Number of protein chains: 2
Amino acid sequence: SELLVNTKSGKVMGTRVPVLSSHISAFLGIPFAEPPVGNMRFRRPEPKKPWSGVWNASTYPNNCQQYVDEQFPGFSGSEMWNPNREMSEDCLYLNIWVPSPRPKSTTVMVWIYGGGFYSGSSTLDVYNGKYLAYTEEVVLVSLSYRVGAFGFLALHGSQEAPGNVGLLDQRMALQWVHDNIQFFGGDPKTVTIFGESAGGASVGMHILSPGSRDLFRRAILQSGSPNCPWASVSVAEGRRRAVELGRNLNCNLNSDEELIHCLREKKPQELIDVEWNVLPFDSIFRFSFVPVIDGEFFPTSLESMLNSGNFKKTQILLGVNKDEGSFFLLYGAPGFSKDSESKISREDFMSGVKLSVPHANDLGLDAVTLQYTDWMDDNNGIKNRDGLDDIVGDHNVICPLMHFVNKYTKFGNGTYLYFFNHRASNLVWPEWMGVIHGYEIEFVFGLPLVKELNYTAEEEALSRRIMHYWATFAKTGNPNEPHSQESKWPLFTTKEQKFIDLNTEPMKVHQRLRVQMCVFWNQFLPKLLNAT
Amino acid sequence: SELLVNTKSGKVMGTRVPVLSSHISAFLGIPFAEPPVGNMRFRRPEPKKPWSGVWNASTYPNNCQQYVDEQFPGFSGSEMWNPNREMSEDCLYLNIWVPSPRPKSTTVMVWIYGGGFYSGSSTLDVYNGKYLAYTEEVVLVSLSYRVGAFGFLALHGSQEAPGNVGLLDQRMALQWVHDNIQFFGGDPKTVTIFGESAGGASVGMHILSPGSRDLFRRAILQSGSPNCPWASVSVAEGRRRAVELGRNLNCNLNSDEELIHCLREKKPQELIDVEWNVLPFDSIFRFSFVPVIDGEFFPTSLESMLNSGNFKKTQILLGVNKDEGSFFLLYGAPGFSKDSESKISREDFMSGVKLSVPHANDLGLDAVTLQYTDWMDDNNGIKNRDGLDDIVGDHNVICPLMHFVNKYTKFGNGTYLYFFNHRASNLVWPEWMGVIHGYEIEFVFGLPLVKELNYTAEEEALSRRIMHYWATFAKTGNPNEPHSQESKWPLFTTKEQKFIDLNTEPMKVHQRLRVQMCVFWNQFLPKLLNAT
Ligand SMILES: COc1cc(CNC(=O)CCCCCNc2c3c(nc4cc(Cl)ccc24)C[C@H]2C=C(C)C[C@@H]3C2)ccc1O
Ligand SMILES: COc1cc(CNC(=O)CCCCCNc2c3c(nc4cc(Cl)ccc24)C[C@H]2C=C(C)C[C@@H]3C2)ccc1O
Ligand SMILES: *[C@@H]1O[C@H](CO)[C@@H](O)[C@H](O)[C@H]1NC(C)=O
Ligand SMILES: *[C@@H]1O[C@H](CO)[C@@H](O)[C@H](O)[C@H]1NC(C)=O
Ligand SMILES: *[C@@H]1O[C@H](CO)[C@@H](O)[C@H](O)[C@H]1NC(C)=O
Ligand SMILES: [Cl-]
Ligand SMILES: [Cl-]
């Protein structure tokens, strides 16, 4: 009854799940397209054909095929991001958490997982929607989408591997929500899409793309934006990386059809095993198969679209973490270790700069080095470590997002900007990594409300604050409740550029979120690289 | 007797002058070259032909022909630098102060005035040698040299106007000191040359030039160095400026001989009136007629001589003032005034950057602007004013000197570096100009010892503090007296790069003088300009 819902594609049967001291309804693993298997690998997706009978939606679905991290086997801090279900190309499913009793037409939030467009799962423990759905009385959806070559192999001109099909994956999920969430008590006119990392870039890409704009109301972007240097490639570079994938696998390279046909004959893991080999440079924070600027999903360049106001005009809430770079340095740069303070020698600093700005010429590398080096104290291993951390975070996350924020706000209908800088009391990663890429998510999804996870009382309060900000924004376009006695998160405006810190302390309002280095990253360095 | 001295060129009669509550001997206006007049204009100097009878050396000589500042008529702060004697091309004379009674063979210090190679006089009140000669028991010489076109018009390949003849004037005076100072109680083997601004650059040029090296023992450079961007031009640029001078005066331009013949017919003021017109850019801290890198006075480029160690190996003492740029902004840049705090708008800041780095392309100007702009507070008129002040001082004085210091110290036999940052209590210039280009000179020459000039007692001590450093360095190659236990001025070394502040407070040792900005000026910007 409460758990039996007839959708436009067929009947589904959910399950009743405990949440804190109560219960809510969960519909897990609902299919929203045809399995993209066999001759449909790399292809645009197709809607799921209606089914007879009742779809058992009591269990999480498979995860999409992806690279699996084995750097720290068994370590909870890294394994919490790996697939926790069987991987399969049959992975295009969504999950829904619905308050009990079912509401009539309440606000909908659709989570888009990140993972650099190469990884991610809707089923991770940290994305369990039940705490946010129960606490804030929202219908919480998490979608899925093909990652890696399966979602973003791009041979422009081919209709068999056109590129961006993972983005199209997200779109079909949003269209399914548009068509069916009313049967779960959700309001299809009040859908907020939100995501972190590539999910945040994705949210911004749907703001940009005409084919996506009418499928949601407003948007939240966490540590990601559509213009990030890692988040897209040209059609030429996408073509080069697809051909190099075939070269790594002894494919016929004479035509797209023969290349695609060879690649479609490979087992999924054969593609994954050579995925990182197609990158052009030794690099960190760079991923092989990402969205392409194609002229279809993206009509023109992202920058021209941002400049002209060619995007959805609505409210946005977005922000970054204090130490976005540390995860990438730990996994990919010399001198960093999970088990030490990772003081960085001058030599390893210079190596890290090269890995962090792989596209830069030697003059550009000199510019980055001078901007982030204290020449009164150039052998200070802690300053070198933190300087490289800032380089990676500023170049890859913060400065692209601030460029996006400033362009969007010229045309949009309300911007709210945050700086998340709380290090969790129970973090398993070392202190030099600070406030890590991905580690605001557990606060957004309410994990500190679970006493067994051993968060502090202040962290539970912070999680409750953030969930209420996110959900009140989703409901109203404004994270603040009116007539409330709590300090107000101010609008970000072109003139005053205000933002708040998010942490356990009373709110602080600041202005011009890191403005100096982003002048460097957004105006000076691109001009230097374009001149030289 | 004490005032009657037989030199190798003839007899001279000096005069007994009061100094504080005592007396010393002064020999003023001794000729060291033939008057460079008529056909001799622009020509290398020729030794003064010996005279019969007694040369009357009781009176200051004429000053060389030069541009005279009329910006602030009658204002003591600027008038103190103007010629205080009649100007004449018959101006190649030197002055000597000798302790009374005459010493046997004491240390000699030879002052070389500055003035951007376009101005300067040996006879200014602030260069009165009597306090230094009396207080420190040295023989103090001040020389003179042709400035402007008269000293530095350069038509390379012509022997009639070869360039660098003002430097050859200095050398001829040093040769005269070498040959004659023993008759005044000076030791020709212990001569220190010292100078400020262009005089400091000149001192460095004599260190470089093979034809000068044997005419002095060691060297002091104040707020100037041979590699300063204003201190030399190429033979091609000197030729362009000489031809343009002729163009301004309707000269025949078909040949060097015809051009020179024309310029020699003009009255001196006719040349001076158009002198600034030959500069290639709207600019500040750039001067028309300066030393040329000719392959004769300078055998190769300054940088290659410095890299190869092709220079005199001895001890040097040198330094800079806190606010070298302020004078040039007051006189040449928009928004500055003697009668206001000169808060600088953003627009006037950008204009000032362009005037300050006239040779830079737009990418270069962007780099300078980013390096000196606080983008959290870019409309702060005090920060804009002080940022421009630092740009002018760093680019033109401090960083070129630090480059020289660094290169010299690899091969030299002892470097002592200072940072003079005391603002005089009785300064007539406004507070925003800080510690001004030229305003350490009055301390070096002992003017705070004169009660009627109204320095504080701490400023008298500092002046005594500086005169003793300078004269002890001249005597021994080390500014510190041994077995004294005043705090010691450490050697500047390649590794530790120590320097001292010079001010009324107890001496503090620091390291790496303006190292951050000088990486920009000495390494990154030249690379950027070369590559773009
Ligand atoms: C040098 O060799 C390689 C090095 C690497 C480096 N990168 C990888 O292996 C991907 C590793 C995934 C790690 C798990 N995912 C994480 C994720 C996030 N944060 C993490 C923070 C820490 Cl401290 C650790 C892991 C995080 C946040 C999210 C964003 C991404 C890109 C992946 C996932 C979600 C890949 C391939 C190589 O061959
Ligand atoms: C009007 O625009 C122009 C502006 C100028 C610059 N004009 C000048 O006369 C330069 C200023 C003359 C006074 C120079 N004397 C000074 C000198 C020094 N310091 C000074 C500090 C202050 Cl605050 C004021 C004057 C100083 C230190 C020394 C260095 C120089 C170059 C000149 C002389 C000695 C020239 C031509 C122009 O057309
Ligand atoms: C030297 O010149 C001074 C000043 O003109 C004069 O007072 C003095 O008598 C002269 N000495 C002579 C002519 O012996
Ligand atoms: C200067 O040279 C002497 C003798 O050649 C040497 O003993 C001394 O160490 C040198 N000093 C410096 C500072 O180079
Ligand atoms: C110096 O001080 C004396 C006495 O205090 C005063 O008469 C004189 O005007 C002062 N000089 C200047 C130049 O201000
Ligand atoms: Cl100041
Ligand atoms: Cl050394």
Side-chain angles (χ1 to χ4, degrees), chain B residues 60-88 91 93 95 111-129 131-132 142-148 150-152 166 170 194-203 222-224 228 230-231 268-269 272 275-276 284-290 320-321 323-333 336-338 392-393 396-397 420 423-424 426-430 433-448 450 453 455:
Chain B
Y60 268 143
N62 297 316
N63 303 140
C64 293
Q65 289 283 356
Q66 59 193 271
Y67 179 89
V68 172
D69 172 39
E70 304 192 288
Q71 188 66 30
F72 307 108
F75 184 63
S76 69
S78 53
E79 222 60 84
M80 69 177 276
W81 304 102
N82 277 336
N84 58 347
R85 294 301 188 273
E86 292 272 61
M87 289 185 294
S88 169
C91 63
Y93 299 86
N95 316 291
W111 174 249
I112 303 180
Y113 58 70
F117 296 107
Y118 75 88
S119 63
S121 300
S122 65
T123 60
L124 305 187
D125 297 344
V126 71
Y127 307 150
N128 191 335
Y131 310 108
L132 186 47
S142 58
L143 52 73
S144 63
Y145 60 98
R146 287 170 281 174
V147 293
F150 309 91
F152 294 99
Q170 303 178 9
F194 68 133
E196 184 271 351
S197 154
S202 292
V203 165
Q222 306 171 194
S223 303
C228 285
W230 47 268
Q269 198 55 43
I272 293 165
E275 170 184 331
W276 301 93
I284 60 181
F285 219 140
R286 293 293 184 273
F287 320 111
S288 287
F289 297 104
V290 299
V320 305
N321 294 359
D323 306 283
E324 304 275 18
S326 57
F327 150 51
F328 301 88
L329 295 160
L330 173 56
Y331 276 70
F336 296 86
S337 161
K338 166 180 93 58
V392 181
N396 287 294
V397 175
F420 179 86
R423 186 187 160 92
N426 57 8
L427 211 73
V428 299
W429 298 103
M433 304 183 66
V435 184
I436 298 171
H437 190 64
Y439 277 84
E440 91 289 356
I441 298 170
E442 54 203 52
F443 284 82
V444 170
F445 278 82
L447 271 66
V450 178
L453 298 181
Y455 292 86

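Hydrogens, waters and symmetry mates play no part in the numbers below; they use all other heavy atoms, side chains included. We name chains A, B, ... by the order of the sequence lines, and we start the count at 1 in each one.
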query: Would the B:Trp429 and B:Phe75 ring centres measure less than 6.0 Å apart?
result: yes
- prompt: With no hydrogens and no angle check, is any side-chain donor or acceptor of B:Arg146 less than 3.5 Å from a backbone partner on B:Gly166?
  reply: no
- prompt: Is a donor on one side and an acceptor on the other found under 3.5 Å between the side chain of B:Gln222 and the backbone of B:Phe194?
  reply: no
message: Is it the case that the side chain of B:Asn62 and the backbone of B:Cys91 share a donor-acceptor pair, with hydrogens and angles ignored and the cut-off at 3.5 Å?
response: no
message: Would you say that B:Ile272 contacts B:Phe150 through its side chain, given a criterion of any heavy-atom pair below 4.5 Å between the two side chains?
response: yes
message: Measuring from atom CG of B:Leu447 to atom OH of B:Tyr131, what distance do you get when rounded to the nearest 0.5 angstrom?
response: 6.0 Å
Heavy-atom closest pair, residues B:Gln65 and B:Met87: NE2-O, 3.6 Å
- prompt: Could you state the interatomic distance from OG (B:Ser326) to CG (B:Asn321), rounded to the nearest 0.5 Å?
  reply: 9.5 Å
query: Do B:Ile436 and B:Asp323 have side chains that get closer than 4.5 Å, going by heavy atoms?
result: no
query: Of all heavy-atom pairs between B:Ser121 and B:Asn63, which one has the smallest distance, and what is that distance?
result: OG-CG, 3.3 Å
- prompt: Can you list the residues that meet the ring-ring contact (aromatic ring centres under 6.0 Å, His included) rule with B:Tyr118, with sequence neighbours excluded?
  reply: B:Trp276, B:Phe287
message: For B:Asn426, is the CG atom crowded, meaning more than 12 foreign heavy atoms sit under 6.0 Å from it?
response: yes
- request: Find out whether B:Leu330 and B:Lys338 are in side-chain contact, i.e. whether some heavy atom of one side chain is under 4.5 Å from a heavy atom of the other.
  value: yes
task: With the side chain counted from C-beta on, respond yes when B:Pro448 and B:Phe443 share a heavy-atom pair under 4.5 Å apart, and no when they do not.
output: yes
message: How close do B:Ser197 and B:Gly115 get, counting heavy atoms only, and between which atoms?
response: OG-N, 3.3 Å
- prompt: What are the two closest non-hydrogen atoms of B:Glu196 and B:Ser223, and how far apart are they?
  reply: OE2-CB, 4.1 Å
message: To check you understand the geometry: which heavy-atom pair defines the closest contact between B:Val290 and B:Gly116, and what is its length?
response: CG1-O, 4.2 Å
- prompt: Heavy atoms, side chains only, cut-off 4.5 Å: are B:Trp111 and B:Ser122 in contact?
  reply: no
query: Hey, mind stepping through B:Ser288 and B:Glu275 against side chain to side chain donor-acceptor pair (under 3.5 Å) and telling me if it holds?
result: CA-CA 7 Å; B:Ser288 287; B:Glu275 170 184 331; 4.9 Å; no
task: Taking the six-membered ring for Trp and the single ring otherwise, decide whether the centroids of B:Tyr331 and B:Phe72 are under 6.0 Å apart.
output: yes
field: Polar side-chain atom of B:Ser144 near backbone of B:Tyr93 as donor-acceptor pair, under 3.5 Å
entry: yes
- prompt: Given B:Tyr439, which of B:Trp81, B:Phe327, B:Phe420 fulfils the ring-ring contact (aromatic ring centres under 6.0 Å, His included) condition?
  reply: B:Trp81
query: Do the non-hydrogen side-chain atoms of B:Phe445 and B:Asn128 ever get within less than 4.5 Å of each other?
result: no
- line: Scanning both residues in full, the closest heavy-atom pair of B:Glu442 with B:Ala424 reads OE2-CB, 4.1 Å
- request: Mark yes or no for whether B:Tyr113, through its side chain, and B:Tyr145, through its backbone, hold a donor-acceptor pair below 3.5 Å.
  value: yes
- prompt: Has the side chain of B:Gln71 got a donor or acceptor atom that lies under 3.5 Å from a matching backbone atom of B:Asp69?
  reply: no
- prompt: Do any N or O atoms from the side chain of B:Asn82 and from the backbone of B:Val68 form a donor-acceptor pair under 3.5 angstrom?
  reply: no
query: Hey, does the side chain of B:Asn95 reach the backbone of B:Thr123 with a donor-acceptor pair shorter than 3.5 angstrom?
result: no
- line: Output for pair (B:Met80 CE, B:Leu124 CG), nearest 0.5 Å, gives 7.5 Å
query: Distance-only, no hydrogens or angles: does the B:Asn396 side chain make a donor-acceptor pair with backbone N or O of B:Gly325 under 3.5 Å?
result: no
